[PDB]
Amino acid sequence: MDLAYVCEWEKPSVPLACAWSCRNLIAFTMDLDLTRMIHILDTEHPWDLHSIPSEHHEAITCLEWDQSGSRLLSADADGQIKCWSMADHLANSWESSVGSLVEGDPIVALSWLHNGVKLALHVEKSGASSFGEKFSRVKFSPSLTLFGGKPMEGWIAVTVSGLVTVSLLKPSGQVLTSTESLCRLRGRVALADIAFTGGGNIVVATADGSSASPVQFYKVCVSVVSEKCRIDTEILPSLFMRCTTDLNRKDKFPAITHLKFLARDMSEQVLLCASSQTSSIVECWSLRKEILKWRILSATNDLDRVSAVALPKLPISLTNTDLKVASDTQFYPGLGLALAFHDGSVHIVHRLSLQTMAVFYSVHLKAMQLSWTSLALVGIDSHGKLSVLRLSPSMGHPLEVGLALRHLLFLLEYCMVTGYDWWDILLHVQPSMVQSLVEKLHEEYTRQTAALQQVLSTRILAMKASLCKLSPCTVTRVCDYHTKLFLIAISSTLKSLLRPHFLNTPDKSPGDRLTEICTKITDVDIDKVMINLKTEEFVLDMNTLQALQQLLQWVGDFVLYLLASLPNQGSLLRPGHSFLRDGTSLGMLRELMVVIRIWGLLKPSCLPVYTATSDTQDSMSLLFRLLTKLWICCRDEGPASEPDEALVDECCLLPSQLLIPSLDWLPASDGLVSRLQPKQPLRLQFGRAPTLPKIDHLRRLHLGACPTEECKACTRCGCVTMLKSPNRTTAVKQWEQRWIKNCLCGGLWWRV
Amino acid sequence: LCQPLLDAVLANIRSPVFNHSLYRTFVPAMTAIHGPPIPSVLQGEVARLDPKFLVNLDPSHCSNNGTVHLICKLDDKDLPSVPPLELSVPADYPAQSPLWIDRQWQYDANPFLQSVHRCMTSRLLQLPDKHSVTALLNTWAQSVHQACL
Amino acid sequence: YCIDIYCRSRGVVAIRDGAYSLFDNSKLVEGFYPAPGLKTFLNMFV
């Protein structure tokens with residue numbers, strides 16, 4: 001794997017920590033007092049890293065990320081398991097809140113309690129047909145499961161001296177903390193890990209000493225009973241014998257440098273990396289019913305000592321039939337175990353044989369965490385660097401391009417269903433097959449069910465755009481998709497404000513009535529006849545109308561622009577394409593034009609103010625005439641004769657009758673991807689943008705030359721919007737509260 | 001005639017949509033008619049001196065911290081060689097007089113030296129409120145010379 | 001007659017007929033009438 005990109009800073013050592021989110025946010029401790037600071041990274045925007053003070057007191061030893069993103073847990077070696085949430089929703093402005101404390105050091109992984117949804121990826125046995133059978137739901141249970149059947153949030157944390165801390169998080173917002181000893185014989189737990197056993201979440205807390213002591217697994221249930229947390233422990237089959245203390249090579253591997261359950265939520269498989277000074281040996285173990293007892297599932301030849309172990313995070317079915325077709329189709333991602341060595345190398349492991357799948361002979365990596373699709377790494381280098389290495393779906397094997405297509409399509413569809421993120425998949429998409437991926441996405445979106453297509457009718461556009469940012473043959477299409485997303489948004493927030501009084505007789509919503517009349521019945525070339533054949537009882541209180549002007553002026557300026565671009569003046573494919581030529585977006589715009597006419601007949605203020613050349617021309621009527629002509633030409637399928645000479649004749653006059661405005665376009669930037677290289681790395685700096693490759697896009701409020709007000713910015717969209725909702729107390733709250741979390745693409749906000 | 005725009009603009013300076021109001025009303029027309037748009041100061045004074053006053057920085061102390069000490073030793077063929085003068089600059093200098101280091105351990109023995117000291121302390125006391133290293137060293141030269149009388 | 005010549009990006013240089021008021025098409029700006037047929041000619045050299 002090549003470096004995606006690697007960025008250092010400008011410039012004793014303590015253990016580091018990193019945690020890659022469900023979305024793409026990395027949180028690494030980065031011990032350079034800025035030794036105790038948590039760094040947050042956007043991973044599609046390095047060079048802007050937020051340094052949370054973290055207010056801890058000893059080394060931040062365990063970091064961990066909520067299964068939903070949106071929450072970060074950091075425990076020190078003093079005991080403050082502190083929960084970091086997202087201050088008014090913004091990915092670069094974290095805030096400290098409810099946590100807990102026990103003065104011993106939380107040395108074992110802080111775990112985040114398991115919601116019921118586990119996952120399943122039937123990998124290539126069914127990487128052909130549909131979405132339900134590709135990505136299935138396994139029946140794992142929650143921890144405490146609820147009062148009423150939906151999991152309770154919380155965090156287990158085991159400390160040296162073998163305490164446990166459950167600390168449930170009540171929906172009320174206050175913690176219910178508890179503490180109880182693992183085993184009555186208190187003992188040293190130096191390296192330890194937590195994972196969750198499917199049956200009712202009887203979560204198992206493995207805990208070893210340092211050397212030649214058993215690894216001593218345990219069992220801890222959670223027991224909300226009596227309005228106070230309760231935890232009950234029972235020992236489990238202990239496992240001595242890392243299998244290196246019996247080969248009569250006695251002390252060649254004293255210490256245990258790592259023990260990590262092969263996957264959280266996948267207990268009954270543990271990885272044990274013994275080591276020494278310049279030596280290491282890793283072994284997996286499996287708890288088989290024989291009485292339960294552990295026995296080696298795989299062991300590795302002597303190795304240079306391991307510095308960091310990173311586990312796969314993508315759910316993959318280990319069934320024999322599935323691994324068979326994975327070996328055939330070479331869909332390697334899930335079957336990976338990233339071991340990082342002191343010499344400088346990085347090896348991937350088979351996860352069931354612990355052979356070597358790939359190497360990166362290339363200062364070692366002291367903290368390493370895989371991505372959520374097994375396509376990226378994050379190596380906090382010892383000197384202070386940070387690399388994002390690409391792990392190819394097939395470990396460098398050049399197998400045919402259709403197969404790479406099927407691999408990446410399967411992963412992207414997984415990311416569509418789970419909604420996690422797809423920046424990693426974007427790291428690998430070559431510029432050659434972006435068009436083909438988009439075509440296969442079109443297919444696999446049409447084919448599915450006509451029910452799930454609603455779930456994905458907003459993520460499909462985002463993935464289409466993020467793909468089309470590659471492949472310089474199709475950069476023209478990203479602007480139009482991010483405009484179609486905005487058009488859909490406006491249509492769904494203006495067809496939802498109607499609120500009539502009448503419901504005349506039948507089931508016909510005012511938006512449904514809008515659409516049915518506009519499309520089916522009155523394809524009249526002239527407005528004020530569409531206004532006639534409609535109920536004029538769309539009355540919003542005259543305050544929200546006035547607040548709606550900054551948006552309706554968009555739909556106005558966009559109709560004007562789209563109709564202006566018909567003569568195709570530009571030599572290249574312009575930035576209004578594909579909205580011409582057979583779009584239903586023409587129908588949507590016509591609906592919005594009719595409703596704007598009806599609105600403005602009530603309050604003239606909330607109309608699109610066009611700067612006209614002729615004084616009394618009724619500009620809206622002319623634009624509606626042009627739209628109707630274009631939509632009549634583009635409704636029925638087949639005719640490339642839409643630009644009938646009359647229509648282009650009318651359109652080429654439009655600069656003479658109005659002033660073609662200048663719009664933002666909302667890719668608003670070209671992200672780090674589509675810039676990296678095929679192979680070459682990209683040296684970066686923290687706080688200094690790569691030197692070379694003001695519109696408030698969600699309120700359409702012009703910030704001046706300089707902004708003078710703070711503003712967030714979508715990480716993937718490029719959008720920029722004002723942070724404090726600068727409109728008056730009277731402001732449409734169907735918009736500012738729609739984007740207050742994730743923006744229309746679906747990406748987090750970041751402060752400027 | 002400017003009063004209408006004056007009070008109009010002054011009316012809404014606070015509004016957070018003031019920039020949008022300014023842009024909406026004006027930018028269309030304006031695009032319609034106009035188209036698209038060591039303290040290193042002491043280094044200087046030490047550089048520009050007269051050759052006779054060869055000045056180096058004190059081997060004792062660490063000139064690194066705010067004030068650099070100096071060990072300057074008169075030369076000049078006309079004069080009589082005397083004891084060195086150890087300077088200290090209050091890094092806030094200029095507008096800060098550079099201290100002198102008084103010591104009878106230097107001058108006590110002989111008459112020429114004690115006369116030098118008398119003349120030096122008097123003239124330095126006279127020097128006004130704004131001494132620059134050049135002022136100290138010049139005063140010292142005049143003192144040596146006047147003691148040679 | 002008062003044609004007006006905008007200079008522009010790398011090469012081009014624009015030629016309007018300055019008499020016609022930019023914000024109105026019916027009005028002739030102050031005193032100078034429009035030049036009939038200039039569009040044809042300046043196209044002839046285009």
# chains A, B, ... in the order shown; residues from 1 in each chain; ligands from 1
>>> select_by_dssp(residues="stretch 83-123 of chain B", states="helix (DSSP H, G or I)", output="list in words")
residues 111, 112, 113, 114, 115, 116, 117, 118, 119, 120, 121, 122 and 123 of chain B
>>> closest_atom_pairs(of="chain B", to="chain C", cutoff="10 Å", atoms="only C-alpha atoms", output="tab-separated table")
residue	atom	partner	partner_atom	distance
B:29	CA	C:23	CA	8.4
B:32	CA	C:22	CA	7.1
B:33	CA	C:22	CA	7.4
B:34	CA	C:6	CA	9.1
B:35	CA	C:6	CA	8.0
B:36	CA	C:8	CA	9.3
>>> write_last_selection(atoms="N, CA, C and O atoms", output="PDB file, in the first residue's frame")
ATOM      1  N   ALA B  29     -26.420  46.563 -10.161  1.00  0.00           N
ATOM      2  CA  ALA B  29     -26.125  47.750 -10.958  1.00  0.00           C
ATOM      3  C   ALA B  29     -24.627  47.928 -11.153  1.00  0.00           C
ATOM      4  O   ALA B  29     -24.163  48.197 -12.269  1.00  0.00           O
ATOM      5  N   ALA B  32     -23.516  45.960 -13.670  1.00  0.00           N
ATOM      6  CA  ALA B  32     -24.115  46.313 -14.951  1.00  0.00           C
ATOM      7  C   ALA B  32     -23.320  47.401 -15.661  1.00  0.00           C
ATOM      8  O   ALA B  32     -23.190  47.382 -16.886  1.00  0.00           O
ATOM      9  N   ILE B  33     -22.787  48.361 -14.913  1.00  0.00           N
ATOM     10  CA  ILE B  33     -22.077  49.469 -15.552  1.00  0.00           C
ATOM     11  C   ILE B  33     -20.575  49.239 -15.578  1.00  0.00           C
ATOM     12  O   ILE B  33     -19.939  49.421 -16.616  1.00  0.00           O
ATOM     13  N   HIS B  34     -19.978  48.838 -14.462  1.00  0.00           N
ATOM     14  CA  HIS B  34     -18.596  48.383 -14.423  1.00  0.00           C
ATOM     15  C   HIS B  34     -18.600  46.873 -14.592  1.00  0.00           C
ATOM     16  O   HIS B  34     -19.454  46.190 -14.022  1.00  0.00           O
ATOM     17  N   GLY B  35     -17.662  46.353 -15.366  1.00  0.00           N
ATOM     18  CA  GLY B  35     -17.616  44.933 -15.610  1.00  0.00           C
ATOM     19  C   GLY B  35     -17.321  44.145 -14.354  1.00  0.00           C
ATOM     20  O   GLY B  35     -17.233  44.698 -13.252  1.00  0.00           O
ATOM     21  N   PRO B  36     -17.183  42.832 -14.486  1.00  0.00           N
ATOM     22  CA  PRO B  36     -16.743  42.020 -13.357  1.00  0.00           C
ATOM     23  C   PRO B  36     -15.410  42.511 -12.833  1.00  0.00           C
ATOM     24  O   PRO B  36     -14.544  42.940 -13.609  1.00  0.00           O
TER      25      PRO B  36
END
>>> residues_around(residues="residue A:496", least_positions_apart="4", cutoff="12 Å", atoms="only C-alpha atoms", output="MDAnalysis selection string")
chainID A and resid 489:492 500 509:512 514 538 540 734:735
>>> residues_around(residues="stretch 89-93 of chain A", least_positions_apart="5", cutoff="8 Å", atoms="only C-alpha atoms", output="list in words")
residues 40, 49, 50, 52, 712, 740, 741, 748, 749, 750 and 751 of chain A
>>> interface_residues(of="chain A", to="chain C", cutoff="9 Å", atoms="only C-alpha atoms", output="PyMOL selection string")
chain A and resi 611-615+656-657
>>> closest_atom_pairs(of="chain A", to="chain B", cutoff="10 Å", atoms="only C-alpha atoms", output="CSV")
residue,atom,partner,partner_atom,distance
A:550,CA,B:20,CA,9.8
A:609,CA,B:24,CA,9.5
A:610,CA,B:28,CA,9.6
A:611,CA,B:28,CA,7.4
A:659,CA,B:28,CA,8.0
A:660,CA,B:28,CA,9.9
A:661,CA,B:28,CA,8.2
A:662,CA,B:28,CA,9.7
A:695,CA,B:20,CA,9.3
A:700,CA,B:20,CA,9.1
A:701,CA,B:20,CA,5.8
A:702,CA,B:20,CA,4.7
A:703,CA,B:19,CA,5.8
A:704,CA,B:19,CA,5.5
A:705,CA,B:19,CA,9.0
A:706,CA,B:19,CA,9.7
A:707,CA,B:19,CA,8.8
A:708,CA,B:16,CA,8.8
A:709,CA,B:16,CA,7.8
A:722,CA,B:16,CA,9.9
A:724,CA,B:16,CA,9.8
A:725,CA,B:16,CA,9.4
A:726,CA,B:16,CA,5.7
A:727,CA,B:17,CA,7.2
A:728,CA,B:16,CA,8.9
>>> write_last_selection(atoms="C-alpha atoms", output="mmCIF file, in the first residue's frame")
data_model
loop_
_atom_site.group_PDB
_atom_site.id
_atom_site.type_symbol
_atom_site.label_atom_id
_atom_site.label_comp_id
_atom_site.auth_asym_id
_atom_site.auth_seq_id
_atom_site.Cartn_x
_atom_site.Cartn_y
_atom_site.Cartn_z
ATOM 1 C CA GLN A 550 -33.895 34.544 0.394
ATOM 2 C CA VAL A 609 -36.438 40.329 -7.550
ATOM 3 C CA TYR A 610 -35.029 40.208 -11.073
ATOM 4 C CA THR A 611 -33.255 43.272 -12.405
ATOM 5 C CA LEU A 659 -29.434 40.059 -15.918
ATOM 6 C CA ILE A 660 -28.155 36.487 -15.803
ATOM 7 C CA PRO A 661 -27.058 36.289 -12.157
ATOM 8 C CA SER A 662 -23.831 34.842 -10.809
ATOM 9 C CA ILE A 695 -22.494 32.949 -0.143
ATOM 10 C CA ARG A 700 -28.401 32.180 0.218
ATOM 11 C CA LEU A 701 -27.345 35.148 2.340
ATOM 12 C CA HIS A 702 -24.389 37.077 0.920
ATOM 13 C CA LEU A 703 -21.486 37.450 3.238
ATOM 14 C CA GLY A 704 -19.375 40.379 2.130
ATOM 15 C CA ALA A 705 -15.775 40.500 1.029
ATOM 16 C CA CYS A 706 -14.799 39.205 4.434
ATOM 17 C CA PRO A 707 -17.380 37.167 6.387
ATOM 18 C CA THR A 708 -17.553 39.155 9.682
ATOM 19 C CA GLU A 709 -19.576 36.276 11.108
ATOM 20 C CA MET A 722 -23.576 30.969 9.097
ATOM 21 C CA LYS A 724 -25.674 31.541 14.805
ATOM 22 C CA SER A 725 -28.775 31.535 12.566
ATOM 23 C CA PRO A 726 -28.331 35.262 11.918
ATOM 24 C CA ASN A 727 -31.889 35.817 10.818
ATOM 25 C CA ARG A 728 -34.248 37.453 13.301
#
>>> select_by_dssp(residues="stretch 199-405 of chain A", states="strand (DSSP E)", output="ChimeraX atom specification")
/A:204-208,218-222,231-235,255-261,269-276,279-289,292-299,306-310,337-341,346-349,356-358,365-368,379-381,387-389
>>> closest_residue(among="B:58, B:43, B:119, B:65", to="residue B:148", atoms="only C-alpha atoms")
B:119
>>> residues_around(residues="residue C:34", least_positions_apart="2", cutoff="7 Å", atoms="only C-alpha atoms", output="VMD selection string")
chain C and resid 1 17 19 to 20 32 36
>>> residues_around(residues="stretch 18-31 of chain A", least_positions_apart="2", cutoff="9 Å", atoms="only C-alpha atoms", output="JSON list (two decimals) with N, CA, C and O atoms, in the first residue's frame")
[["chain", "number", "residue", "atom", "x", "y", "z"],
["A", 13, "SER", "N", 8.74, 9.08, 26.31],
["A", 13, "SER", "CA", 7.67, 8.77, 25.37],
["A", 13, "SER", "C", 6.66, 7.85, 26.04],
["A", 13, "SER", "O", 7.03, 6.94, 26.78],
["A", 14, "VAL", "N", 5.39, 8.10, 25.77],
["A", 14, "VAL", "CA", 4.30, 7.38, 26.44],
["A", 14, "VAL", "C", 3.41, 6.75, 25.38],
["A", 14, "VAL", "O", 3.38, 7.20, 24.22],
["A", 15, "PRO", "N", 2.68, 5.70, 25.75],
["A", 15, "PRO", "CA", 1.84, 4.99, 24.76],
["A", 15, "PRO", "C", 0.80, 5.90, 24.14],
["A", 15, "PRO", "O", 0.18, 6.72, 24.82],
["A", 16, "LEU", "N", 0.61, 5.75, 22.84],
["A", 16, "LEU", "CA", -0.30, 6.57, 22.07],
["A", 16, "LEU", "C", -1.65, 5.87, 21.95],
["A", 16, "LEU", "O", -1.87, 4.82, 22.56],
["A", 34, "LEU", "N", 1.51, 19.59, 25.66],
["A", 34, "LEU", "CA", 0.65, 19.22, 24.63],
["A", 34, "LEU", "C", 1.13, 17.84, 24.46],
["A", 34, "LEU", "O", 1.81, 17.53, 23.50],
["A", 35, "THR", "N", 0.81, 17.03, 25.45],
["A", 35, "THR", "CA", 1.17, 15.65, 25.47],
["A", 35, "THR", "C", -0.14, 15.06, 25.85],
["A", 35, "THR", "O", -0.43, 13.93, 25.52],
["A", 36, "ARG", "N", -0.91, 15.85, 26.62],
["A", 36, "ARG", "CA", -2.28, 15.53, 26.96],
["A", 36, "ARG", "C", -3.29, 16.27, 26.19],
["A", 36, "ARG", "O", -4.12, 16.90, 26.75],
["A", 37, "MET", "N", -3.15, 16.29, 24.90],
["A", 37, "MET", "CA", -4.26, 16.82, 24.14],
["A", 37, "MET", "C", -4.87, 15.92, 23.13],
["A", 37, "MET", "O", -4.13, 15.30, 22.41],
["A", 38, "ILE", "N", -6.19, 15.80, 23.04],
["A", 38, "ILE", "CA", -6.75, 15.01, 21.97],
["A", 38, "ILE", "C", -6.87, 15.64, 20.63],
["A", 38, "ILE", "O", -7.53, 16.61, 20.50],
["A", 39, "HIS", "N", -6.27, 15.10, 19.61],
["A", 39, "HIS", "CA", -6.35, 15.68, 18.29],
["A", 39, "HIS", "C", -7.44, 15.01, 17.46],
["A", 39, "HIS", "O", -7.51, 13.78, 17.38],
["A", 40, "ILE", "N", -8.28, 15.82, 16.83],
["A", 40, "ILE", "CA", -9.34, 15.33, 15.96],
["A", 40, "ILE", "C", -8.99, 15.70, 14.53],
["A", 40, "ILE", "O", -8.59, 16.84, 14.26],
["A", 41, "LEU", "N", -9.16, 14.75, 13.62],
["A", 41, "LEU", "CA", -8.74, 14.89, 12.23],
["A", 41, "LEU", "C", -9.92, 14.59, 11.33],
["A", 41, "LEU", "O", -10.71, 13.68, 11.61],
["A", 42, "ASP", "N", -10.04, 15.35, 10.24],
["A", 42, "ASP", "CA", -11.23, 15.23, 9.40],
["A", 42, "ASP", "C", -11.08, 14.14, 8.35],
["A", 42, "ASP", "O", -12.08, 13.67, 7.80],
["A", 43, "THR", "N", -9.85, 13.77, 8.03],
["A", 43, "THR", "CA", -9.44, 12.62, 7.21],
["A", 43, "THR", "C", -9.78, 12.83, 5.75],
["A", 43, "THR", "O", -9.24, 12.13, 4.90],
["A", 44, "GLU", "N", -10.59, 13.82, 5.41],
["A", 44, "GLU", "CA", -10.72, 14.31, 4.06],
["A", 44, "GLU", "C", -10.20, 15.73, 4.01],
["A", 44, "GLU", "O", -10.18, 16.34, 2.94],
["A", 59, "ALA", "N", -1.41, 10.14, 31.18],
["A", 59, "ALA", "CA", -1.42, 9.82, 29.76],
["A", 59, "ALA", "C", -2.76, 9.24, 29.34],
["A", 59, "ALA", "O", -3.28, 8.33, 29.97],
["A", 60, "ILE", "N", -3.31, 9.77, 28.25],
["A", 60, "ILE", "CA", -4.57, 9.29, 27.71],
["A", 60, "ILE", "C", -4.33, 7.92, 27.12],
["A", 60, "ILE", "O", -3.83, 7.80, 26.00],
["A", 61, "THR", "N", -4.70, 6.88, 27.86],
["A", 61, "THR", "CA", -4.27, 5.54, 27.51],
["A", 61, "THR", "C", -5.29, 4.81, 26.67],
["A", 61, "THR", "O", -4.93, 4.01, 25.80],
["A", 62, "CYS", "N", -6.57, 5.07, 26.88],
["A", 62, "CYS", "CA", -7.62, 4.45, 26.11],
["A", 62, "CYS", "C", -8.50, 5.51, 25.48],
["A", 62, "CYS", "O", -9.04, 6.37, 26.18],
["A", 63, "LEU", "N", -8.63, 5.45, 24.17],
["A", 63, "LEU", "CA", -9.59, 6.24, 23.43],
["A", 63, "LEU", "C", -10.53, 5.29, 22.72],
["A", 63, "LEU", "O", -10.14, 4.18, 22.36],
["A", 64, "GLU", "N", -11.77, 5.72, 22.51],
["A", 64, "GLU", "CA", -12.77, 4.84, 21.93],
["A", 64, "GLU", "C", -13.91, 5.68, 21.40],
["A", 64, "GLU", "O", -14.21, 6.75, 21.93],
["A", 65, "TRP", "N", -14.56, 5.18, 20.36],
["A", 65, "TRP", "CA", -15.52, 5.96, 19.62],
["A", 65, "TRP", "C", -16.88, 5.27, 19.65],
["A", 65, "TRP", "O", -17.00, 4.06, 19.53],
["A", 66, "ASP", "N", -17.92, 6.06, 19.85],
["A", 66, "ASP", "CA", -19.30, 5.57, 19.91],
["A", 66, "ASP", "C", -19.58, 4.82, 18.61],
["A", 66, "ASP", "O", -19.05, 5.17, 17.55],
["A", 67, "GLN", "N", -20.44, 3.81, 18.69],
["A", 67, "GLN", "CA", -20.86, 3.05, 17.53],
["A", 67, "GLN", "C", -21.72, 3.85, 16.57],
["A", 67, "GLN", "O", -22.19, 3.28, 15.58],
["A", 68, "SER", "N", -21.93, 5.13, 16.82],
["A", 68, "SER", "CA", -22.80, 5.98, 16.06],
["A", 68, "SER", "C", -22.00, 7.22, 15.64],
["A", 68, "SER", "O", -22.53, 8.20, 15.12],
["A", 69, "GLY", "N", -20.70, 7.17, 15.86],
["A", 69, "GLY", "CA", -19.96, 8.41, 15.89],
["A", 69, "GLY", "C", -20.48, 9.27, 17.01],
["A", 69, "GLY", "O", -21.05, 8.77, 17.99],
["A", 70, "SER", "N", -20.27, 10.57, 16.89],
["A", 70, "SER", "CA", -20.96, 11.56, 17.71],
["A", 70, "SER", "C", -20.58, 11.56, 19.18],
["A", 70, "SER", "O", -21.03, 12.44, 19.92],
["A", 72, "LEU", "N", -17.09, 10.58, 21.92],
["A", 72, "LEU", "CA", -15.71, 10.14, 22.09],
["A", 72, "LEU", "C", -15.43, 9.93, 23.56],
["A", 72, "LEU", "O", -15.79, 10.76, 24.39],
["A", 91, "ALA", "N", -18.09, 19.33, 14.22],
["A", 91, "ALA", "CA", -17.10, 18.27, 14.35],
["A", 91, "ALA", "C", -15.75, 18.75, 14.85],
["A", 91, "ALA", "O", -14.89, 17.90, 15.13],
["A", 367, "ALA", "N", 1.02, 3.49, 16.98],
["A", 367, "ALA", "CA", -0.42, 3.45, 17.13],
["A", 367, "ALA", "C", -1.00, 3.27, 15.74],
["A", 367, "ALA", "O", -0.70, 4.05, 14.84],
["A", 368, "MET", "N", -1.83, 2.26, 15.58],
["A", 368, "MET", "CA", -2.30, 1.89, 14.27],
["A", 368, "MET", "C", -3.75, 1.45, 14.38],
["A", 368, "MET", "O", -4.08, 0.62, 15.23],
["A", 369, "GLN", "N", -4.60, 2.00, 13.53],
["A", 369, "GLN", "CA", -6.02, 1.67, 13.56],
["A", 369, "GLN", "C", -6.54, 1.59, 12.13],
["A", 369, "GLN", "O", -6.34, 2.52, 11.34],
["A", 370, "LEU", "N", -7.19, 0.48, 11.81],
["A", 370, "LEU", "CA", -7.71, 0.28, 10.47],
["A", 370, "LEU", "C", -8.97, 1.11, 10.28],
["A", 370, "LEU", "O", -9.52, 1.69, 11.22],
["A", 371, "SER", "N", -9.43, 1.17, 9.04],
["A", 371, "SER", "CA", -10.65, 1.88, 8.72],
["A", 371, "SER", "C", -11.86, 0.97, 8.83],
["A", 371, "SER", "O", -11.75, -0.17, 9.30],
["A", 372, "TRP", "N", -13.02, 1.46, 8.40],
["A", 372, "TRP", "CA", -14.25, 0.71, 8.57],
["A", 372, "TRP", "C", -14.63, -0.05, 7.32],
["A", 372, "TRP", "O", -15.65, -0.74, 7.31],
["A", 378, "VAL", "N", -4.15, 4.09, 9.62],
["A", 378, "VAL", "CA", -3.72, 5.33, 10.25],
["A", 378, "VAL", "C", -2.55, 5.04, 11.17],
["A", 378, "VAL", "O", -2.74, 4.54, 12.29],
["A", 379, "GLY", "N", -1.35, 5.33, 10.71],
["A", 379, "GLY", "CA", -0.19, 5.04, 11.52],
["A", 379, "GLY", "C", 0.41, 6.26, 12.16],
["A", 379, "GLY", "O", 1.10, 7.04, 11.49],
["A", 380, "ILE", "N", 0.16, 6.46, 13.45],
["A", 380, "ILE", "CA", 0.86, 7.52, 14.14],
["A", 380, "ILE", "C", 2.31, 7.11, 14.30],
["A", 380, "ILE", "O", 2.65, 6.26, 15.13],
["A", 384, "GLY", "N", 6.41, 11.54, 14.96],
["A", 384, "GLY", "CA", 5.31, 12.47, 15.13],
["A", 384, "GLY", "C", 4.49, 12.62, 13.87],
["A", 384, "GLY", "O", 3.72, 13.58, 13.73],
["A", 419, "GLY", "N", -24.69, 3.61, 5.99],
["A", 419, "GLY", "CA", -24.59, 5.05, 6.01],
["A", 419, "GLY", "C", -23.31, 5.59, 6.59],
["A", 419, "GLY", "O", -23.20, 6.79, 6.82],
["A", 420, "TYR", "N", -22.32, 4.73, 6.83],
["A", 420, "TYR", "CA", -21.16, 5.15, 7.59],
["A", 420, "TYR", "C", -20.39, 6.27, 6.92],
["A", 420, "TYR", "O", -20.50, 7.43, 7.32],
["A", 421, "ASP", "N", -19.66, 5.94, 5.86],
["A", 421, "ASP", "CA", -18.89, 6.91, 5.09],
["A", 421, "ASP", "C", -18.16, 6.13, 4.01],
["A", 421, "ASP", "O", -18.00, 4.91, 4.12],
["A", 422, "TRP", "N", -17.69, 6.83, 3.00],
["A", 422, "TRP", "CA", -17.10, 6.13, 1.87],
["A", 422, "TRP", "C", -15.82, 6.78, 1.40],
["A", 422, "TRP", "O", -15.39, 6.55, 0.26],
["A", 423, "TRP", "N", -15.21, 7.62, 2.23],
["A", 423, "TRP", "CA", -13.97, 8.26, 1.82],
["A", 423, "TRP", "C", -12.89, 7.24, 1.53],
["A", 423, "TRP", "O", -12.12, 7.39, 0.58],
["A", 424, "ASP", "N", -12.85, 6.18, 2.33],
["A", 424, "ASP", "CA", -11.88, 5.12, 2.09],
["A", 424, "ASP", "C", -12.07, 4.50, 0.72],
["A", 424, "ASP", "O", -11.10, 4.28, -0.02],
["A", 747, "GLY", "N", -22.72, 15.49, 5.68],
["A", 747, "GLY", "CA", -21.41, 15.50, 6.27],
["A", 747, "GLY", "C", -21.34, 16.47, 7.37],
["A", 747, "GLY", "O", -22.09, 17.37, 7.41],
["A", 748, "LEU", "N", -20.44, 16.29, 8.28],
["A", 748, "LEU", "CA", -20.38, 17.08, 9.43],
["A", 748, "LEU", "C", -19.97, 18.48, 9.28],
["A", 748, "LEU", "O", -19.34, 18.80, 8.34]]
>>> atom_distance(atom1="atom CA of residue A:141", atom2="atom CA of residue A:412")
26.9 Å
>>> atom_distance(atom1="atom CA of residue A:666", atom2="atom CA of residue A:429")
22.2 Å
>>> residues_around(residues="stretch 48-51 of chain B", least_positions_apart="2", cutoff="9 Å", atoms="only C-alpha atoms", output="JSON, numbers by chain")
{"B": [43, 44, 45, 46, 53, 54, 75, 76, 134]}
>>> atom_distance(atom1="atom CA of residue B:79", atom2="atom CA of residue B:59")
25.3 Å
